[PDB]
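# A look at the structure
Listed below, chain by chain, are the residues.
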Amino acid sequence: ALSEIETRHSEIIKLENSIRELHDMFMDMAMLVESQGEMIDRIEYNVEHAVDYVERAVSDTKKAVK
Amino acid sequence: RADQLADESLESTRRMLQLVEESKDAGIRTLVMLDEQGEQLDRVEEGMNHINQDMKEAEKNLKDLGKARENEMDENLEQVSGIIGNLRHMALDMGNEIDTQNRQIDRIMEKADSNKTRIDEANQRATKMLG
Amino acid sequence: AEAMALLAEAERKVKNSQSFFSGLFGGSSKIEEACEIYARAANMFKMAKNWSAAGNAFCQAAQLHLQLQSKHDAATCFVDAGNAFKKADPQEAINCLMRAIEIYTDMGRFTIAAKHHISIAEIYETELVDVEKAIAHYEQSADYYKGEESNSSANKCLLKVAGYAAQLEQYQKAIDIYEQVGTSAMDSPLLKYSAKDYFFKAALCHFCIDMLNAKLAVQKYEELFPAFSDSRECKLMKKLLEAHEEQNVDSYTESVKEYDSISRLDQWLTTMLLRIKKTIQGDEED
Amino acid sequence: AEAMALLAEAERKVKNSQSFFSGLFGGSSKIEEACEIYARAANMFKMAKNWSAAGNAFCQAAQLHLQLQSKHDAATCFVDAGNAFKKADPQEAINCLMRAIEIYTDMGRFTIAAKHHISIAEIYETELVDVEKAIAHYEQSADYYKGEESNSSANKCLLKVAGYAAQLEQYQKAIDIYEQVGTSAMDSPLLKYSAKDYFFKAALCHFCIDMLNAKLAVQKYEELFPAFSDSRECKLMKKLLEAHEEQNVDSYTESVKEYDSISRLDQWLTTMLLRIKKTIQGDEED
Amino acid sequence: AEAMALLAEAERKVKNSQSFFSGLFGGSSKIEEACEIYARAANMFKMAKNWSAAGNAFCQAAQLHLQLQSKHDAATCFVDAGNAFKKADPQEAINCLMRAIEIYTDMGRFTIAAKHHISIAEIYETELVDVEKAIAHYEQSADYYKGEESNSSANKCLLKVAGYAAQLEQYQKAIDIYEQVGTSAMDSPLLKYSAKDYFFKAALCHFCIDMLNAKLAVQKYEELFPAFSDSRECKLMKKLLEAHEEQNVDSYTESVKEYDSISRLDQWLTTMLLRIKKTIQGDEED
Amino acid sequence: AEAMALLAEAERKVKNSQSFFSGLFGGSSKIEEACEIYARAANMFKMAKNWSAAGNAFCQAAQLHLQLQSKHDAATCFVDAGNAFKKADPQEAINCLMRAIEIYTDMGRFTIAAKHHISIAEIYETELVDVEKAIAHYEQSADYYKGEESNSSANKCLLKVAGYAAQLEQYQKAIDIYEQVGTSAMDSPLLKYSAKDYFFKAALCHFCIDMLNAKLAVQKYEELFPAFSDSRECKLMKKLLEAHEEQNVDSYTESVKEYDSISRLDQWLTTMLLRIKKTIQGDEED
Amino acid sequence: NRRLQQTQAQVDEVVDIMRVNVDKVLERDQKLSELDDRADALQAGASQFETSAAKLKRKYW
């Protein structure tokens, strides 16, 4: 009976639908997580060293009061 | 078109199995990357608590200084459904690894601007009593 | 080692100098010492898992820290106090946070003011049940995020506002919020998907209207029938609109019974769907 | 605590001293004192949400800061001013940012210069509606990102450049940008995924090219039957290329209607697709 | 250049001055210099991959750094030493870390204290196999994370505690942990999915139960086949409860054979399933 | 504002003072001047798109800085120089980086050292095409990552090492690397899924062994049957192992053609599978 | 229709978590960028602090 085989169909496509769109979000995600990764590399970097320069600044201030 | 709909929609579920498989692997990178990001921040805070101290001392030192078709079909979909187990292993952990860090990042930005100010004041009070 | 000992010493030193004690200078150098004391006490109170004492102690250390001029680290102390009372058994978790925001606020640090502002409304709702003030907070906070142009965060807050606004019967004021957060979400194609639920919510909220609004909102909605995401938005709404306009608490509660199969309903939806289900019966068995 | 009062005090102290008021040494602490004043005013202005009064206030404080010897925190103030004007009712947001970048740039701070540069081009488009200059900025900024070996941001910007370039008839310059952003994308197996859409966009863009500029760029693509991600990129393209080489505005309009079933068509694609639809019809009755 | 030389000189300078050399202020600049020395040695040792020497050297520089009165930067060194010994040849990996936490803890930095606390229990388990002490750490650490309202990490620890609690026969104490970590997981619609596995584990963990404690836990679980995720949770559980109540050590063993098809069984599950498989056999002879 | 002028003044000042110029003190305070000079010039050089000049300029400021005793700000500059030469037209983009690591390494900053170490081996391969030195760097770098318990980056690098090692005919050393990276990946359930491909590679890699080194490696693999993931690993391998132990290069070339469906064969695989497709034929015509 | 409706929403439920992922991951991107403008602006003053702390060294040491 087509009324039964046709019903199955409409349900599978509408299933395929919601699918591909969701998967789209997975892709964009990996694309977003990446951009953020390279941006944090510069953050930590500038911060890490920022602590190195200050570490030398404080070491001098301490020896500037003795 | 029975067989033309039970196969095309199935042909997609097959092109769908890999999809979530491809997104799962792509998601794994988010796992290893958000894990690396969490580590590289543990040291940031370390350097943030490092500056917090030194400044407090410096400031004080300056004061002291101033003064079987469906059987397989299902298996292909089951794999897509099982992947949720991996999709769960991601969104969760990192999803929470997000809060902990963000709440920490703000505490990092503040002190970051805090020390900045105390440096401008220290410099001003220092200039008036320079060589 | 002993908290009581420190709290006491701290007290003896936390007091504006006078007489031969003041001499020429006196203030900051002392009050700070006491701050460090109370902090050291609140610490052991926290390891001992007494929290309450730890929190009240942080309140002391913080207050004193303000008596020295250094508002920043102080406010952060209030945050520590808040985390204490929060994970503790007494209240005050609300006061410490208000005392933190007043500072981040008049200081000029609105970004964080809103960061803790949403935490505040989040406690004032889940605990104090004070929804009116919670909403006032979610709102003012969203205004700050919007100020920083941090759209996303501002939307998170707005979503909170509207979401709880519909629960407090404020349906119209909700649909409007959904409208605004909708026109400010299509500018970014990274929210395309998201733009749906908004229209579904805004169309579900009813200020006891006698027809459209919703029939007009579903119309304003731009869908592409061969769509996939959108299947979880207007398509249902239409059926609901028809089930509403036509007093039939059998075609509405049924369509929601079917929809609850392809898209599980959350507490929110259910609450409102039932409210509508009641408006229908209350127009029917009347 | 009155802004007007502060603004007046600030002006009263912002002036190079001489004669009796000078004494011997000038006083950068004065100009800076005035800066703190204006800042304090701009803050309460942003409080009451007068923005137009906050922004112009920051400008003052900012300008004065330069008269001191602190370009850094000054530029940051210019940013505060830009953020104000942005979320305000007047303009100036463009001037403040240009005044900010001149500083970050001459200071040796390109990372940040580009961070605000993209914001700029984003304003000159979403607001002033001046894409011809916006693209210019999206580009120079992508160049700065490309200098900091920050492939990511560089590509985001390039994508903006080409994206709006196609909308400004610049179809060829668009494919070129897509080619570059495509070549410097395969190197990293992290972009392999999205690397499809680039080829689809590029092949779609046509500088009125009367040939197979795309049919040559469609085969250049490395598609794979089993690769299902690919079925969402060139597979359609080929079918479109045949529908153009035969002036059949029916096979193309049908293939796009079918493709809108397996892969939704975003606003962009739609616009360009109709542009090609016209190149076809137009070549029929032309 | 030579580490031996540095280690020696570091010893020469690591001593309170005296006579003219001391003058008026010997200061801690010397003890600190020695610290920089030993660190410089531990460094080349870590390069040569001698680790042992590197670690012990860091311990030296660290201890001296304590003689300097700068706990923070010291503790971090203790961590360096820990990272050394850990991925080294000798032991001490446990010692350094304990000496690190005593500092982060007394200092008031529980956030980082828990960070190394979990690393500790992780080594005390994957190496020393001192489960009873590891659980104590995973737990206390989870308490700290819970205090920092960092639900995340707190749960990451609790899961460890319960997970390794079932291995120590502590089945009831395990299910309870799963109950708590579940209750403080429903309040957040961001844990809806995982909430399954918890109920599966808790329902599996049986403290020699006889009633329907699991049938009751599975009932507490709101399942609706349409909320499909659940399939990988209780659907099996019920079948297991049936094969258990029917003392059929064939249906249970068949069910574990089938479920291992729809959802693979990790180490944990396996071991426990066999324990239940024995409770059935031992009941068959009852 | 002229770079050409600054480069001159910098030179005129970079020189160990003496006589009157030295007065009483001097040295670092003079060399530092020339340092910021060259940096100031390098900036405008990078502004005029003269990169080459900018890079050589940074090289000057850098070397001089070393002549002041501040390896830190120096190495960072060397990196800036590398960033210039890289996105420039000359070379030395490899020299600057080496000169940077020699500093980050001897200084003790292995974390960041490996951070640039991988960038180095990445350029020495995508540019210089010096796989020999490339592998050496990818490796040593992974060793550093392994020291900082950064299992993650460590394996990323190992994967590079083995990956390109199989290309240099180093099949055996490759499988060994895959074994190591495999034993240090199962401890982390966050990698179990990917752990398959490792065994697939290690089994595909053949150091001209005619035995069943692979039939033994495929057995060492832990697979059940209903594994959604495992379908992309050994299942094929066995079919390949049989097509070899029967000198039937027709079932192997067919299996690679079929498997190429459920899982697209990337470059690597193609090359090795061809090196396996040849051995069989060569075993036939022999 | 059995397995169909079964696998139907099985993903419609996975379509939600990503809606949360894409957002929670984008909210971070902007926050980190905010720290990039402050953290650097901080060390920017550190360049002054070092020199300033040195000038104090030649006056009291």
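The rules behind the values
Residues numbered from 1 in each chain as written, not as in the entry; some residues may be left out. Chains lettered and ligands numbered in written order. Part of a larger assembly, values for the part shown. Heavy atoms only, no water. Residues with missing side-chain atoms left out of burial classes, pairs and counts. Contact = heavy atoms within 4.5 Å. Nonpolar A, V, L, I, M, F, W, Y, C, P; charged D, E, K, R; others polar. Core = buried A, V, L, I, M, F, W, Y, C linked by side-chain atoms within 4.5 Å. Buried < 20%, exposed > 50% of the residue type's maximum accessible area, 1.4 Å probe, protein only. Disulfide = S-S within 2.5 Å. Salt bridge = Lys/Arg side-chain N within 4 Å of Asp/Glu carboxyl O. Helix = DSSP H or I, 4+ residues; strand = E, 2+ residues; numbered from the N terminus. Patch = residues over 30% accessible without salt bridge, like charges linked within 9 Å, V, L, I, M, F, W, Y side chains within 5 Å. Areas by Shrake-Rupley, 256 points an atom, 1.4 Å probe, with all protein chains shown as cover. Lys, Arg positive; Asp, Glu negative; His and termini not counted. Charge placed at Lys NZ, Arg CZ, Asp CG, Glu CD.

This entry, as listed in the PDB, derives from cryo-EM and reports a resolution of 7.8 Å.

## Looking at the interface of chain A and chain G
Across the boundary between the two partners, chain A contributes 28 residues, which contact 30 residues of chain G. A breakdown of the residues in the side of chain A that touches chain G according to their chemical character gives 18 nonpolar, five polar and five charged.

## Regarding the nonpolar core
Core analysis: the largest hydrophobic core is formed by 57 residues, its most contacted members being D:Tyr178, D:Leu204, D:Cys205, D:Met237, D:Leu240, D:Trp268 and D:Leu273. Excluding its chain neighbours within four sequence positions, the residues that come into contact with D:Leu240 are D:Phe200, D:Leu204, D:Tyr252, D:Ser255 and D:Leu273. Listed in part, the 46 residues of the second largest apolar core include C:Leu97, C:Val161, C:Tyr252 and C:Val256.

## Looking at the state of the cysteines
Residues and elements named next belong to chain E. Counted under the stated rule, the structure contains zero disulfides over all chains. Left without a disulfide partner, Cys35 is nearest to the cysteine sulfur of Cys77, which lies 7.4 Å away. Since its relative accessible area comes to 6%, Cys35 is described here as buried. Summary of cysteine pairing: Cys205 is not part of a disulfide, and the nearest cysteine sulfur, belonging to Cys208, is at 12 Å.

## What to know about the interface of chain A and chain C
A common measure of how large an interface is: the accessible area buried when the components associate. In this assembly, six residues from chain A lie in contact with five residues from chain C. Here the side of chain A that touches chain C is composed, by residue class, of one nonpolar, two polar and three charged.

## A short note on the pattern of salt bridges
One pass over the full model with this rule turns up 39 salt bridges over all chains. The salt bridge partner of C:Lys86 is E:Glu149, with a shortest N-O separation of 3.4 Å. Taken as a pair, C:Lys86 in helix α4 (residues 71-87) and E:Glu149 in the loop between α7 (131-147) and α8 (151-163) lie in two separate chains rather than in one. Given the relative accessible area of 35%, E:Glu149 is considered partly exposed.

## Describing a negative patch on the surface
Residue and element names in this part refer to chain F. A contiguous patch of negative charge, built from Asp210, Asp250, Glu254, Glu258, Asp283, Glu284, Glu285 and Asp286, is present on the exposed surface. Elements that contribute at least two residues to the negative patch include exactly α14 (252-262) and α15 (267-284). Structurally, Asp283 is set in helix α15. Classification of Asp283 as partly exposed rests on a relative accessible area of 48%.

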